[PDB]
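So the structure is just underneath, and the comments pick up after that.
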Amino acid sequence: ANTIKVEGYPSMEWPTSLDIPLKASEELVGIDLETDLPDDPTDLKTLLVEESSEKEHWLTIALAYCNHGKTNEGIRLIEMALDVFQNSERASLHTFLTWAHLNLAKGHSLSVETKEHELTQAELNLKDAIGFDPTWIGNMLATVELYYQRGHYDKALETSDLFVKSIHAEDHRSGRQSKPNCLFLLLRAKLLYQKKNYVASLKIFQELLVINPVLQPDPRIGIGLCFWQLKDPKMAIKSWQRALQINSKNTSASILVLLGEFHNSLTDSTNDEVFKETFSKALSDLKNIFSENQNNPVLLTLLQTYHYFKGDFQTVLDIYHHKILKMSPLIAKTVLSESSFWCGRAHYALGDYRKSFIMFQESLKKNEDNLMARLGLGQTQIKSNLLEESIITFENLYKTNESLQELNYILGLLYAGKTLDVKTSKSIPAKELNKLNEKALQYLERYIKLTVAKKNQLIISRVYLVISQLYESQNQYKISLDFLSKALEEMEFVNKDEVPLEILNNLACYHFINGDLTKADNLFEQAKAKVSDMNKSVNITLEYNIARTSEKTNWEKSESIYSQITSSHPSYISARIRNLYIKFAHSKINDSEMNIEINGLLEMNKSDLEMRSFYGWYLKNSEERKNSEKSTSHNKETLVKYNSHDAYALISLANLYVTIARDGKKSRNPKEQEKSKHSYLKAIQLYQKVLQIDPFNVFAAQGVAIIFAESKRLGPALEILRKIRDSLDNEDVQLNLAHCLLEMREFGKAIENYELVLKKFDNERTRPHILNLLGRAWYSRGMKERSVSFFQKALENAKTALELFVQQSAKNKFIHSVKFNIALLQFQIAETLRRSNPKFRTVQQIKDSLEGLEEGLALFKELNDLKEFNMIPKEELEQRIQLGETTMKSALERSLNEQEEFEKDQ
Amino acid sequence: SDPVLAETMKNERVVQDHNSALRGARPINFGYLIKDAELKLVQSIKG
Amino acid sequence: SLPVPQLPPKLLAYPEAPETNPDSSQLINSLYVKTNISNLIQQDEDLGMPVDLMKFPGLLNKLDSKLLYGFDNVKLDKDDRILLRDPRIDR
Amino acid sequence: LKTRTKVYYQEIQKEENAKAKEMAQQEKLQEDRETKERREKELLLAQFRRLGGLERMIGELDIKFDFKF
């Protein structure tokens, strides 16, 4: 039953029968000690005193009583034997009683007082037996074991070492060989295990296995224990399973095999079905084993675990407070520590953080290496608004858990929360805040790596969100978008149905600043698909986002969404600012309704910097609005010192105050030239400050730029313009490139960038005026007299600019000089063809030139008759009239029907 | 006033300021131009 | 020159996700999966190995301590011999 | 110290160490078929190995005890 039984191995089973001799000398009175043992041992006492039987029969019957659960009966029997066997024959009786009371002190469902009483009686009978036979092995073994049962492990080890020394010495003196005593080896093994010497313990336990493979207590238990502590759980479980298989009644082995079942279900299962199967089997075995060991603290702690995960927190507390707490002094510190830990988890789940703190502390007090409990204490400190204390707890844990993934996650999130708090940014220098940021990134990135290493574990995708948020704070949006997309790809994998609309929207926002507006609109609208439940304030933002991607393809929907948004809610400035730009881009309006509604907008939130930048753009764009003299005061008041150290309106003021200085330099009076020598250095006295505040501001760079095309230092300048092209696709910067270019410059590089302005865009005011004025390229090109086809290219330029400006007669009061430009190159095709050689291709060519010449005469007439014309002196009007017209009337006919004769000659 | 606009007021963050999108798309540092200026500045305008 | 005042689409903040907060007990649970019952394998201070001198016939009754010294020449089964190997030898 | 049992223990220990070391070294080849990928993804997606999953999977277990504490 309760002994190890293995085929081929030895046995340690007691004899099952016993004869007693009689003085009548009939050699038998058989007692089957499995059956014929009376429930009252006095009934046998009468037989044993009747026959004057030998002591060993008393002891044999008492041991059969003990090896049947009736230890009290055997005790009373030897206690009755003690009233009979006087003197030295008492020794063995005291030895038996010492071991019987040790056995009783090893019993379940004991009290502190019962256990102490049994140990005291053990020590008393051992004192007596030592008084008789101080050298018997039973008494020495009882000495060591009593020392062990009272927690005096060092003393027990030293005593047993001295006993073993004594035995080897006595054997060596008389020639006997010393065989290893299994019980001394087993005690030394358990003691070394208590001293955390797992290698030595394991060796002794394995050699015990060899010496006596059926030894009870099974050394395979100790073997498994050492394997486990040495981080070999598979071999540990194999050992415990073997112990159970060779003695199915070994309860310790059954509990250990049960723990192994829980462990293997948690760590070996590859899917939820296998997990639920194996875990259900473990819970079933737990129920079966518990039904017969209801005072077992390991089983009760397993129940605390199951009822925690089952949500039944009240039962966790009940198990702790009604079962474990009462037997507290009688259970091992590590088991009690785990039980307290689960009770603290229960309090934590109920929101009772004071009690959870107390419980995790009590858990650590009985096992300070309880890692779970220390993490629970850290988290309780978090919940208790003790953030710095929690960080200290976690970093102290980190000292010896550098590779724990959950710890890296927790420390990373705590440092990330610190880095992103505004209060900390207001109280520590920037360098310290940046080092805090990188420490957060270190923790989070090492968590990522540790989880990626075990390539079978799933990353908590919030880590990617947090890393994205950390990089967003320091204005590195490439890596930010990268980590946000990595977050969503991990997040759609796990429950694709419910990913937060926030991640889709914010990826769309990051794509808007990149350039892909169709994908931005796409994901913006997959996010409008999944908007929230109550007070859906997310629609206002989502609709504005879609309405702001819809501005340059299908701005009718910009119209619609902006209008309904501003009609529904009034304070949204960012809506109708852009709406009053969709206004401008399509001019479905009276300028007066504009100034009315904005100059209502102005003062409702005066200190909003954005609408200030909109009324700066209000008075400086395509049609008219010439003065804005008060705009000096406008954009100096936008700053005006309330919120100084800001760039936009500042560089607007810059641009105006540098525009003043060109008109300053146009004058012949030295006083205003010296005055423009102030409107020019105000530029570099403020542009320096705004490049100091933000170097990468592109437009300060064009500030400097427009100085050099104006101050004749262009060589250095078109360098900067070639760079700001890399960092801008504004038509202004690149037509200024071709501005600074056109001067002191062959042609190829000019027409290049002026057809790049051509095709970059389709705008309708810049285009006509600018390429009007810079057909000039082919014009001066032709002042070098290249060829005739480029003359007619300049004709193309002129021609289209003319038809544009005359048909665009909404604002066309600037161009009579242009008219003369075209008339002038009619004149200049001829004047080039006047010095010529007959051997040119002639048919159908310069006919058109003389036609254009007469057209230019007709054009000259109109400007002759006008009085507002102050381009050339009126005397010189009539004088270019007479000179160029007495030459053409006596020269162009000359050339024409001179070349007709060469057409005859060809 | 109306608090339906209030939730929106506190849940939306500024992707790029008005003073911070004045920088193009692949920004280049122009910190060389401070000293370039105060050299060419002073070498040019002496009255 | 100058551009139009830009008000790009607005980023939203994320809703609170307590299950991934640092105070989330789910982190403790994920650790429990890996290190579960480890602190229970030692059941009591006897290490689940009670020394009982009443398992050795002849010892307490006849004062024959022979069985304390084991047996000679036992050949162990396969299932018992593999338990003799050194720990963590699977590298 | 050359008892039969110390020599026997040490011989078996050497043999079992050799065998276990060699098996550990060959663990990669034995059954890393195409199936390594099947099992890795099956493991990844076990709900019990992800946040909140242990409780979910344990919650789905019919079994429970007649606690009378």
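Every residue, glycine among them, receives a Cβ derived from its backbone with ideal geometry; neighbour counts consider all protein chains shown. Taken together, the values in this text are just the output of simple stated rules run on the coordinates, not laboratory data.
At a glance:
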read-out	value
Residue-wise HN-Hα coupling along segment A:40-57, computed from phi with Karplus coefficients 6.51, -1.76, 1.60 (Hz; x: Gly, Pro)	10, x, 4, 4, 6, 3, 4, 5, 6, 7, 5, 8, 6, 6, 6, 4, 4, 6
Pairwise FRET efficiency - B:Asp36 versus A:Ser667, Cβ, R0 = 30 Å, nearest 0.05	0.55
Difference of contour (0.36 nm per residue) and Cα-Cα distance, A:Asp369 to A:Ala453	27.6 nm
Partner chain coverage, peptide D:33-41 - average Cβ within 10 angstrom	1
Spatial separation of Cα centroids for segment A:849-884 and segment A:21-63, in angstrom	155
Nonlocal amide H pairs with C:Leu11, under 5 Å, H built at 1.01 Å	B:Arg13, B:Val15
Mean projected area (nm²) of the alpha-carbon convex hull when segment A:763-906 is viewed from all directions	9.5
Dipole of segment A:35-107, positive direction: furthest Cα of A:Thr35, A:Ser53, A:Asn103, with charges on the beta-carbon	A:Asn103
Charge dipole (debye, nearest 20) of segment B:4-44; +1 at Cβ of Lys and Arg, -1 at Cβ of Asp and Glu	140
Net charge of neighbours whose Cβ lies under 14 Å from the Cβ of A:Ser676, counting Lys and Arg as +1 and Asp and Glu as -1	+4
Separation in nanometres of the label points that stand 7 Å from Cα toward Cβ, at A:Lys478 and D:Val7	7.3
In Hz, Karplus ³J(HN,Hα) per residue of segment A:502-518 (6.51, -1.76, 1.60; θ = phi - 60°; x = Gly, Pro)	4, 5, 5, 4, 6, 4, 5, 4, 5, 6, 4, 5, 8, x, 6, 8, 6
Contour minus Cα-Cα distance for A:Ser560 and A:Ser780 (0.36 nm per residue)	74.2 nm
Leading residue at positive end of dipole, the protein assembly as shown (Cβ point charges), from A:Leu619, A:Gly311, A:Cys343	A:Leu619
Rounded to 10°, Cα long-axis angle of helix D:4-30 versus longest principal axis of chain D	50
Rg(Cα) / (2.2 N^0.38 Å) computed for segment B:4-44, rounded to two decimals	2.12
Size descriptor, Kirkwood hydrodynamic radius, that averages inverse alpha-carbon separations across segment A:402-493, Å	13.6
Value at 222 nm in deg cm²/dmol, rounded to 500, when DSSP H runs of n ≥ 4 in chain A each add -39,500 (n - 2.57)	-22500 deg cm²/dmol
All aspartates and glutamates inside 15 Å of A:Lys867 as judged from Cα atoms, apart from same-chain residues fewer than 8 positions distant	A:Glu875, A:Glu876, A:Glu878
For segment A:301-309, 3J(HN,Hα) per residue [Karplus equation, 6.51 cos²θ - 1.76 cosθ + 1.60, θ = phi - 60°, Hz, x = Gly/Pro]	5, 4, 5, 4, 5, 4, 6, 5, 5
Shielding of A:327-339 by partner chains, average beta-carbon count, 10 Å	3
Calculated P(r) of the protein assembly as shown - Cα pairs past 43 Å, %	62
Cβ-derived FRET efficiency at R0 30 Å, A:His117 paired with A:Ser166, nearest 0.05	0.40
FRET E, pair A:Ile589, B:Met9, Förster distance 41 Å, beta-carbon r, rounded to 0.05	0.90
Listed pairs A:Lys583/A:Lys620; A:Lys478/A:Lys759; A:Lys455/A:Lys478; A:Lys276/A:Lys454 exceeding 18 Å between Cα atoms	A:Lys478/A:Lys759; A:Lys455/A:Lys478; A:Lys276/A:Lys454
Relative contact order of chain C, defined on C-alpha pairs under 8 angstrom at six or more residues apart (%)	8
Of A:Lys106/C:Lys34; A:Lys323/A:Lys366; A:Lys636/A:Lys682, those spanning more than 22 Å from alpha-carbon to alpha-carbon	A:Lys106/C:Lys34
Positive dipole terminus of the protein assembly as shown, leading residue within C:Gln43, A:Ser17, A:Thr135 (C-beta point charges)	C:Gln43
Rounded tilt (10° steps) of A:153-173 against the dominant C-alpha axis of chain A	50
Net charge dipole size for chain D [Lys, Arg +1 and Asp, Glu -1 on Cβ; Debye, nearest 20]	360
Helical contribution to [θ] at 222 nm, DSSP H n ≥ 4, -39,500 (n - 2.57), averaged over chain C, rounded to 500	-4000 deg cm²/dmol
Listed pairs A:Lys287/A:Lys326; A:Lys641/A:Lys671; A:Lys847/A:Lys904; A:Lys626/A:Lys689; A:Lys165/C:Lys55 exceeding 20 Å between Cα atoms	A:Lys287/A:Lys326; A:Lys641/A:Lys671; A:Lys626/A:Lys689; A:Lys165/C:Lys55
C-alpha long axis of helix C:25-34 to longest principal axis of chain C, angle in °	40
Within chain A: Cβ-based charge dipole about Cα centre, in debye rounded to nearest 20 (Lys, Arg +1; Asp, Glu -1)	4860
Rg and Dmax of chain C, Cα atoms only, in Å	32.6, 114
Square roots of 5 times each gyration tensor eigenvalue, C-alpha, segment A:500-587, largest first, Å	21, 17, 9
P(r), alpha carbons of segment A:124-265 - 5 Å bins starting at zero, rounded %	2, 10, 17, 18, 19, 14, 10, 6, 3, 1, 0, 0
